[PDB]
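J.: Protein chains in written order, with the numbering used here: chain A, 1 to 121; chain B, 1001 to 1098; chain C, 2001 to 2436; chain D, 3001 to 3113; chain E, 4001 to 4116; chain F, 5001 to 5114. Note that CB positions come from ideal geometry on N, CA and C, so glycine has one too.
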Amino acid sequence: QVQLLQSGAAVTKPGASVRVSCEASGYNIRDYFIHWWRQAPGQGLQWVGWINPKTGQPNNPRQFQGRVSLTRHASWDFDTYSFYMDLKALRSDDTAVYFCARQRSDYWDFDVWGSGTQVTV
Amino acid sequence: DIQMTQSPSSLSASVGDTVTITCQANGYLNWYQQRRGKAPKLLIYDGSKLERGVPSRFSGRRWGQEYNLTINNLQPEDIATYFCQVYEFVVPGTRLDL
Amino acid sequence: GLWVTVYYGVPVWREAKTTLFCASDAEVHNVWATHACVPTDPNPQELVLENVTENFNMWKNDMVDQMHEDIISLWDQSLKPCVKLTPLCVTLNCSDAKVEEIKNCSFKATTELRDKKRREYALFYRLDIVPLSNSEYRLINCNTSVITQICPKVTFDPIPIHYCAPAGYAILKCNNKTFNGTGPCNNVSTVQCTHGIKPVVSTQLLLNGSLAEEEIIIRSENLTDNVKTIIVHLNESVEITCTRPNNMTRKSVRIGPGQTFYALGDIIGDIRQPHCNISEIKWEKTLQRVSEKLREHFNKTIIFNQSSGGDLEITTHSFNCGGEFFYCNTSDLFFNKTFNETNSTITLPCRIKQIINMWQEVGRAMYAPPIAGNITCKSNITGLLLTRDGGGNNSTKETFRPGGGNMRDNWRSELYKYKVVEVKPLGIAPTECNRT
Amino acid sequence: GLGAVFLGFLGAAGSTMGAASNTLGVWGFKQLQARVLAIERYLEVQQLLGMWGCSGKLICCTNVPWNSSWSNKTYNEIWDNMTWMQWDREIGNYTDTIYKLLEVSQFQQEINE
Amino acid sequence: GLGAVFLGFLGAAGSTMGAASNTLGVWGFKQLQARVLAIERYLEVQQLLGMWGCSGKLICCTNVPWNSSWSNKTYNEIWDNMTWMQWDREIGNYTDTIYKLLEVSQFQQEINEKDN
Amino acid sequence: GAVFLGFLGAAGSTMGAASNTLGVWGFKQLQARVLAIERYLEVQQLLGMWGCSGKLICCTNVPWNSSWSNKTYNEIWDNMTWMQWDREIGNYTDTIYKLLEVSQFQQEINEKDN
Ligand SMILES: *[C@@H]1O[C@H](CO)[C@@H](O[C@@H]2O[C@H](CO)[C@@H](O[C@@H]3O[C@H](CO[C@H]4O[C@H](CO[C@H]5O[C@H](CO)[C@@H](O)[C@H](O)[C@@H]5O)[C@@H](O)[C@H](O[C@H]5O[C@H](CO)[C@@H](O)[C@H](O)[C@@H]5O)[C@@H]4O)[C@@H](O)[C@H](O[C@H]4O[C@H](CO)[C@@H](O)[C@H](O)[C@@H]4O)[C@@H]3O)[C@H](O)[C@H]2NC(C)=O)[C@H](O)[C@H]1NC(C)=O
Ligand SMILES: *[C@@H]1O[C@H](CO)[C@@H](O[C@@H]2O[C@H](CO)[C@@H](O[C@@H]3O[C@H](CO)[C@@H](O)[C@H](O[C@H]4O[C@H](CO)[C@@H](O)[C@H](O)[C@@H]4O)[C@@H]3O)[C@H](O)[C@H]2NC(C)=O)[C@H](O)[C@H]1NC(C)=O
Ligand SMILES: *[C@@H]1O[C@H](CO)[C@@H](O[C@@H]2O[C@H](CO)[C@@H](O)[C@H](O)[C@H]2NC(C)=O)[C@H](O)[C@H]1NC(C)=O
Ligand SMILES: *[C@@H]1O[C@H](CO)[C@@H](O[C@@H]2O[C@H](CO)[C@@H](O)[C@H](O)[C@H]2NC(C)=O)[C@H](O)[C@H]1NC(C)=O
Ligand SMILES: *[C@@H]1O[C@H](CO)[C@@H](O)[C@H](O)[C@H]1NC(C)=O
Ligand SMILES: *[C@@H]1O[C@H](CO)[C@@H](O)[C@H](O)[C@H]1NC(C)=O
Ligand SMILES: *[C@@H]1O[C@H](CO)[C@@H](O)[C@H](O)[C@H]1NC(C)=O
Ligand SMILES: *[C@@H]1O[C@H](CO)[C@@H](O)[C@H](O)[C@H]1NC(C)=O
Ligand SMILES: *[C@@H]1O[C@H](CO)[C@@H](O)[C@H](O)[C@H]1NC(C)=O
Ligand SMILES: *[C@@H]1O[C@H](CO)[C@@H](O)[C@H](O)[C@H]1NC(C)=O
Ligand SMILES: *[C@@H]1O[C@H](CO)[C@@H](O)[C@H](O)[C@H]1NC(C)=O
Ligand SMILES: *[C@@H]1O[C@H](CO)[C@@H](O)[C@H](O)[C@H]1NC(C)=O
Ligand SMILES: *[C@@H]1O[C@H](CO)[C@@H](O)[C@H](O)[C@H]1NC(C)=O
Ligand SMILES: *[C@@H]1O[C@H](CO)[C@@H](O)[C@H](O)[C@H]1NC(C)=O
Ligand SMILES: *[C@@H]1O[C@H](CO)[C@@H](O)[C@H](O)[C@H]1NC(C)=O
Ligand SMILES: *[C@@H]1O[C@H](CO)[C@@H](O)[C@H](O)[C@H]1NC(C)=O
Ligand SMILES: *[C@@H]1O[C@H](CO)[C@@H](O)[C@H](O)[C@H]1NC(C)=O
Ligand SMILES: *[C@@H]1O[C@H](CO)[C@@H](O)[C@H](O)[C@H]1NC(C)=O
Ligand SMILES: *[C@@H]1O[C@H](CO)[C@@H](O)[C@H](O)[C@H]1NC(C)=O
Ligand SMILES: *[C@@H]1O[C@H](CO)[C@@H](O)[C@H](O)[C@H]1NC(C)=O
Ligand SMILES: *[C@@H]1O[C@H](CO)[C@@H](O)[C@H](O)[C@H]1NC(C)=O
Ligand SMILES: *[C@@H]1O[C@H](CO)[C@@H](O)[C@H](O)[C@H]1NC(C)=O
Ligand SMILES: *[C@@H]1O[C@H](CO)[C@@H](O)[C@H](O)[C@H]1NC(C)=O
Ligand SMILES: *[C@@H]1O[C@H](CO)[C@@H](O)[C@H](O)[C@H]1NC(C)=O
Ligand SMILES: *[C@@H]1O[C@H](CO)[C@@H](O)[C@H](O)[C@H]1NC(C)=O
Ligand SMILES: *[C@@H]1O[C@H](CO)[C@@H](O)[C@H](O)[C@H]1NC(C)=O
Ligand SMILES: *[C@@H]1O[C@H](CO)[C@@H](O)[C@H](O)[C@H]1NC(C)=O
């Protein structure tokens, strides 16, 4: 029953902005963190940050610091929370696939993942 | 600080034999199963603890700073990328083509 | 002979859990209901054990968990009897205020006759309400919760309270001058009844707390992990005091039989933007000492930066001051504050919010009635809440940011040296005595 | 009832074995629950003591010897080297067994008369 | 306190007197009532014994003579053919009278040791 | 409960002569039961620690210093009742309780090594 929706793949010109949407509805969202990962071709996963559902406090590395902004927006009822991800400037090497994960039990283990969104530049 | 190492980076073994991969790091470690273009799947967490749903064939061993990953009784659909994941560092995985 | 024998009243204890009751020291109803709490002893016993060692992990302590549970229940109980502000949020037609800090506008409300209705004007802060779309607004929270006015009589000011164990149980506290949350401590004393623990509420800067001693104590569940917060504890407190110069007015608007609520009525005198003042030279040295203490735990240069973002609760410093709730920038203190290897102050402009989502559990909110006259409150900063960026294997930089990860960490600072435990006075020792 | 008597036992907890001998609302329901727990605790010690023949005695003496499996040590090491803390865990595994044989020892004394 | 020991007395209920010796919510408020009810019963038994001169002794004798009005049967028959239950039925009317006479005996006995 | 009322009998008689002779209902009652039971144990708690754990009249080995009182034995149990006794010593009852307590511990140790 636990699953995460994902937005469709989109392509934008350099210097534009892109929006990626992740939804969680099968559990108590407020009790678990959400993390974002990037999978560019030719190399392993790269961390992006996490957003606390209880309060939208992001935490990001310096590589994307100042550009990526993580925001949460609950539905009318406190279920089916939607997690977004916006970045201002896109470089020529930002082509990758962005995932949506979940943290639990004090361990950085991700039992639920999103389908991913493929974006070019 | 956190240190990561994946010495083999590539492993080709027959089907039905015993195969394993080597990852060295400090701190909590987890293993994931990544296919071609599909989301990674969690196999074992906390170094050796098993997950609900994954077959019992997958197993690992916690030894000091050395982490094993024992793979036995291979079946098709078990050939995909493996990588060890500490909190923030994830080095490229190793392939189990054949 | 080697004959068994039973000794009563022996020093044996084991980890145990129980419920602790409230106690208070020394006319008007209080939210904490300190009248119910039994009076404290004039001189609590502070017996100290001679030569014994014990270890405990405060992060697994349940004294803090129980404190959060009953404090939450106490606030709910106080709000049960007095009115709920559900009818107020209707289509509001607001344009501007003659005096966007404050907005003046009116609404249609019920009167003594239910069928009849009247138009009454009231003043609300801009952030209190939200726009429906032009010129129409509603209260920030009516499509996802129910707002309840806080009873005007009760006072929310914190008063020291004692979490005091029952009979047959003891509380162990050790006074190791430098000691973080986890690890053994060899100077442990048994105190039946705990000392003052003021239930202060804050998000970024801990205030009105006990000072450290001999060190700048730094505590966190795990330094390597980034999710967990880091709690600072300053041996030298920093005095922060500020007042809002504006003068308010009280107005009464009424919606049901015997039910009345208080809304901001009018502004007296010239409108002036409230702010807060902190010392320049004193605060800078405070962060320098903190930076030095953080360096040895990471072996990298320490840098500070403002909060990443989020709702107004965490991104701005918040506290209670004379019955008013503040949300202040506190950004000048953590902006470009990289550390190298007068009579000026720090101005921190900010404003006040009426509708507050405190105790961030889904279901309900609160409304703070206004009070005429200015408010003055002087507080001392003791400890900070920080969150490491955690940007991978950084070269030499470990930029830090403020922000309260969880509200429970407010009280963990003052409970880092405490542990409830049960004592068993029975034992079976070896002796040669044998009954006739 | 009074907790001061319980406190005094904790005094000299770290002292050696021999040295010890020589030397309507939230507030009101929790208080009631704690009070009921406090009174219940006291009778547990009294109930065990009463059935072992201990009637208001600080130190008792029974008529049951030791089993060799419990421990093999003499007086001097026990009473001048160890403390109540680590010593208790040595016999703690056999605490339940000793209780059963201690009650019957007092019961069989009463039937004799 | 513990009720397990109380049920222990009930063993061999049908055996003779001589043979017996030889051998916030409803869930939480009901529990509290049981705990308060249970603890009182334990002290009620102790309170009677404490003022009878017996301090928890399982078998305890006294010096009050047995009045023939209540009952007069040979000792062997009572403890060899009768059961503990039938004893209460016939004496149950006179238990209150027996209880009162015990109290004065202990009061008199202790006072005598003082005057001597 | 009736036993407590029994003590009040012959209150005015001299000490010597006396010896010779869910809702509102449900919670208030519950509080009384826990209050009454506690009071019974407070008296019993002190008695047990002093060595007399149920005797109607105890017998102790603590000397009567002249500090607290000074009067003949005859004029104690013949002219005044128990009520007046409390006022003359009521201020110092804490001192006697502590001094009498330590006597029981000292006696117990002397019995153990015997
Ligand atoms: C913050 O989070 C981090 C996680 O990122 C966390 O890190 C943990 O830190 C603790 C200690 O603080 C680590 O636990 C230590 O583990 C040591 C090594 O354990 C392994 O090796 C043991 C023996 O092998 C060693 O020695 C041989 C030579 O004999 C050598 O060849 C080996 O290479 C290796 O060096 C082995 O016994 C052990 O397995 C036992 O223990 C585990 C539990 O740890 C148990 O599950 C097993 O069943 C088995 O019983 C393991 O394989 C270990 O030596 C060390 O022990 C110290 O304390 C004991 C106390 O008696 C001493 O006797 C001993 O001499 C050592 O001084 C300790 O247990 C843990 O491994 C880290 N986590 C990870 C994932 O690595 C931090 O603690 C967190 N911080 C806070 C504040 O929370
Ligand atoms: C940290 O602690 C300090 C020290 O207590 C605290 O500052 C103090 O706050 C209290 C309010 O909580 C102030 O007391 C007020 O003083 C003014 C001026 O004298 C009074 O007018 C106020 O009266 C109100 O309360 C009365 C009783 O409830 C009502 O009858 C009356 O109508 C008013 O509503 C009130 O007594 C106190 O003056 C300050 N102390 C100083 C030195 O300014 C500070 O707020 C604490 N920090 C935090 C974050 O809480
Ligand atoms: C609080 O702790 C800090 C950090 O230990 C102390 O800062 C030291 O102050 C002395 C004063 O002479 C300096 O010599 C040191 O260089 C400072 N740093 C360190 C790391 O010691 C500060 O003095 C303490 N304040 C109090 C009141 O105890
Ligand atoms: C907080 O500090 C500011 C200074 O930044 C004070 O503002 C000054 O107030 C005096 C009052 O006579 C004026 O003469 C100055 O021109 C003001 N300067 C500025 C920059 O505003 C303010 O009064 C202080 N407030 C408190 C409560 O201490
Ligand atoms: C409530 O209405 C406001 C105003 O349109 C809107 O901003 C907010 O998202 C709504 N919340 C819910 C839970 O419907
Ligand atoms: C598996 O664990 C054993 C522990 O004895 C270790 O010697 C071995 O090297 C590990 N596997 C690999 C591939 O390193
Ligand atoms: C404990 O400390 C005391 C002095 O405080 C000393 O007399 C005693 O020998 C010590 N015991 C141990 C086991 O170190
Ligand atoms: C504080 O703890 C340390 C160990 O972390 C210890 O060495 C030191 O002696 C303790 N302080 C005192 C005053 O004993
Ligand atoms: C606390 O201090 C001890 C002293 O050695 C240290 O081992 C431990 O890692 C410290 N823990 C934290 C959270 O600072
Ligand atoms: C333990 O703390 C007390 C606090 O007053 C102090 O008097 C005592 O000297 C300390 N003992 C040690 C060994 O640090
Ligand atoms: C602030 O309140 C004080 C009360 O002591 C008063 O004297 C002063 O005039 C007030 N100032 C303003 C600007 O309202
Ligand atoms: C708000 O506007 C109404 C409009 O009639 C006016 O009567 C009222 O005085 C205004 N409020 C203030 C504080 O001036
Ligand atoms: C810590 O840094 C110093 C230099 O600043 C270096 O000499 C030392 O090796 C470092 N230690 C660790 C454990 O990285
Ligand atoms: C601090 O944050 C600001 C935000 O824009 C950024 O411009 C600046 O480079 C940061 N400084 C450091 C040292 O991280
Ligand atoms: C804090 O001040 C800075 C500049 O003074 C401003 O950019 C920032 O928006 C302020 N904080 C908030 C929450 O508006
Ligand atoms: C931060 O402030 C320092 C000190 O004035 C300055 O050198 C640096 O350029 C500033 N950085 C930014 C991003 O504003
Ligand atoms: C201003 O505020 C003070 C607060 O002490 C109050 O007494 C006074 O009535 C208010 N109005 C004026 C005009 O001072
Ligand atoms: C804050 O703590 C310091 C510590 O000595 C004290 O001097 C000061 O009075 C405190 N502040 C207030 C407002 O009481
Ligand atoms: C207690 O000691 C006496 C005297 O030596 C002895 O007769 C008696 O048997 C001992 N008790 C037991 C239970 O053996
Ligand atoms: C002593 O203990 C052993 C097992 O620990 C048991 O077999 C034996 O029967 C016991 N003997 C007595 C006398 O309790
Ligand atoms: C008590 O028995 C348990 C059974 O698993 C054992 O693990 C433990 O070591 C025993 N206690 C001692 C002191 O050996
Ligand atoms: C019940 O009666 C039978 C027949 O007399 C007897 O054998 C048995 O022991 C009795 N039961 C008990 C518990 O004494
Ligand atoms: C005791 O027995 C005598 C004679 O049998 C009788 O007169 C008297 O009433 C009896 N008293 C009681 C209390 O049974
Ligand atoms: C006890 O009194 C009841 C009262 O109804 C009576 O029926 C019964 O016969 C009496 N039994 C004895 C033994 O006096
Ligand atoms: C009451 O006082 C009268 C004299 O006034 C005396 O005869 C009688 O014995 C007294 N009664 C008691 C119970 O002291
Ligand atoms: C008796 O009381 C006097 C009065 O101070 C005191 O000096 C003396 O030591 C006391 N003696 C005893 C034995 O209590
Ligand atoms: C008892 O103490 C009170 C309070 O100190 C005092 O007023 C009274 O005179 C004292 N009585 C005697 C007899 O000392």
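#1: For E/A4004, which three-state DSSP category applies?
#2: Residues around ligand 3, please: the ones whose beta-carbon is closer than 6 angstroms to some heavy atom of it, in chain order.
#3: Got a sec: is the Cβ-Cβ distance from C/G2405 to anything in chain B below 7 angstroms?
#4: Whose C-alpha, out of E/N4116, E/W4070, E/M4082, E/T4074, is nearest the C-alpha of E/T4097?
#5: Which bits of chain C does B/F1089 rub up against, with CB to CB less than 9 angstroms?
#6: Restricting to Cα atoms, I'd like to know which of C/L2074, C/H2068, C/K2300, C/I2218 is closest to C/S2395.
#7: Identify every run of the alpha helix (DSSP H) within the segment 3057-3101 of chain D, keeping only runs that are complete inside it and at least 4 residues long; order them along the chain.
#8: Measure from the C-beta of D/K3100 to each C-beta in chain C and report whether the shortest distance is under 7 angstroms.
#9: Quick check on the DSSP output: what are the complete alpha helix (DSSP H) runs of length 4 or more inside the segment 2287-2319 of chain C, in order along the chain?
#10: Residues of the segment 4041-4071 of chain E in Cβ contact with chain D at a cutoff of 7 angstroms, in chain order, please.
#11: Among B/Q1003, B/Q1065, B/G1060, which residue has its Cα nearest to the Cα of B/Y1082?
#12: Could you tell me which of D/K3057, D/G3018, D/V3026, D/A3034 sits nearest to C/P2430, measuring between CA atoms?
#13: Comparing the C-beta of A/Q118 with each C-beta of chain C, is any distance below 7 angstroms?
#14: Is F/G5054 near E/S4055, with beta carbons less than 7 angstroms apart?
#15: In whole angstroms, give me the CA-to-CA distance for B/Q1075 and A/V97.
#16: If you run the structure through DSSP and keep just helix, strand and coil, what is D/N3112?
#17: How many angstroms separate the CA atom of E/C4061 from the CA atom of F/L5046?
#18: Within 10 angstroms of the Cβ of E/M4085, are there 16 or more other Cβ atoms? Answer buried if so, exposed if not.
#19: Can you list, in chain order, the residues of the segment 101-116 of chain A whose Cβ is nearer than 8 angstroms to any Cβ on chain B?
#20: Answer yes or no: the CB of E/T4097 versus the heavy atoms of ligand 23, is any distance below 6 angstroms?
#21: Grouping DSSP H, G and I as helix and E and B as strand, with all else coil, what is D/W3027?
#22: Taking Cβ positions only, does B/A1039 come closer than 7 angstroms to chain A?
#23: Counting Cβ pairs closer than 8 angstroms, one from the segment 2030-2039 of chain C and one from the segment 2169-2186 of chain C, do we hit at least three?
#24: Does the beta carbon of D/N3063 fall short of 6 angstroms from some heavy atom of ligand 19?
#25: Select from the segment 86-99 of chain A all residues with a C-beta closer than 9 angstroms to any C-beta belonging to chain B, and list them in chain order.
#26: Starting from the N-terminal end, write out each residue whose C-beta falls within a distance shorter than 7 angstroms of any non-hydrogen atom of ligand 11.
#27: Below 6 angstroms, is the gap between the Cβ of C/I2303 and the nearest heavy atom of ligand 14?
T.: On the basis of the data shown:
#1: Taking the fifth sequence and counting its residues from 1, the one referred to as residue 4004 of chain E is at position 4. Three-state DSSP puts E/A4004 in a helix.
#2: C/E2215, C/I2216, C/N2235, C/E2236, C/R2289, C/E2292
#3: To locate residue 2405 of chain C, count along the third sequence from 1; it is residue 405. Taking Cβ atoms only, chain B never reaches closer than 7 angstroms to C/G2405, which makes this a no.
#4: On the fifth sequence, residue 4097 of chain E is found 97 positions in, with the first residue counted as 1. Checking every option, the nearest Cα to that of E/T4097 belongs to E/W4070.
#5: What you label residue 1089 of chain B is simply residue 89 of the second sequence in a count that begins at 1. Identification of chain C residues near B/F1089 by a Cβ-Cβ cut-off of 9 angstroms yields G2392, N2393, ordered along the chain.
#6: Within the third sequence, numbered from 1, the residue matching residue 2395 of chain C stands at position 395. Ranking C/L2074, C/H2068, C/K2300, C/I2218 by CA distance to the CA of C/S2395 puts C/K2300 first.
#7: 3075-3081, 3084-3092
#8: Locating residue 3100 of chain D in the fourth sequence gives position 100, counting from the first residue. With 7 angstroms as the cut-off, D/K3100 does not count as an interface residue toward chain C.
#9: 2312-2315
#10: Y4042, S4055, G4056, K4057, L4058, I4059
#11: For this step, residue 1082 of chain B is matched to residue 82 along the second sequence. If we check each option's Cα against that of B/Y1082, B/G1060 comes out closest.
#12: As a working mapping, residue 2430 of chain C is identified with position 430 in the third sequence. Nearest option by C-alpha distance: D/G3018.
#13: Here residue 118 of chain A corresponds to residue number 118 of the first sequence, with the count starting at 1. No - not a single Cβ of chain C is within 7 angstroms of the one on A/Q118.
#14: The count along the sixth sequence starts at 1 and reaches residue 5054 of chain F at position 54. The count along the fifth sequence starts at 1 and reaches residue 4055 of chain E at position 55. Cβ atoms of F/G5054 and E/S4055: closer than 7 angstroms.
#15: Counting from one through the second sequence, the residue named residue 1075 of chain B turns up at place 75. Counting from one through the first sequence, the residue named residue 97 of chain A turns up at place 97. Distance between the alpha carbons of B/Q1075 and A/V97: 29 angstroms.
#16: Here residue 3112 of chain D refers to the residue found at position 112 of the fourth sequence. Correct three-state label for D/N3112: helix.
#17: Along the fifth sequence, read from residue 1 onward, the residue named residue 4061 of chain E stands at position 61. Along the sixth sequence, read from residue 1 onward, the residue named residue 5046 of chain F stands at position 46. Distance between the alpha carbons of E/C4061 and F/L5046 is about 27 angstroms.
#18: Here residue 4085 of chain E refers to the residue found at position 85 of the fifth sequence. So E/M4085 counts as exposed.
#19: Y107, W108, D109, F110, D111, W113, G114, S115, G116
#20: Start at 1 with the first residue of the fifth sequence, and residue 4097 of chain E comes out as number 97. E/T4097: yes, Cβ under 6 angstroms from ligand 23.
#21: Along the fourth sequence, one-based indexing puts residue 3027 of chain D at 27. Helix at D/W3027.
#22: Counting from one through the second sequence, the residue named residue 1039 of chain B turns up at place 39. Yes, B/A1039 counts as interfacial toward chain A.
#23: In short, these stretches do not touch, since the Cβ pair count stays below three.
#24: Looking up residue 3063 of chain D in the fourth sequence gives position 63. It does: the Cβ of D/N3063 is within 6 angstroms (strictly closer) of some heavy atom of ligand 19.
#25: Within the segment 86-99 of chain A, the qualifying residues are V97, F99.
#26: C/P2245, C/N2247, C/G2269, C/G2373, C/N2374
#27: Residue numbering aside, residue 2303 of chain C sits at position 303 when the third sequence is read from its first letter. Correct: C/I2303 has its Cβ closer than 6 angstroms to ligand 14.
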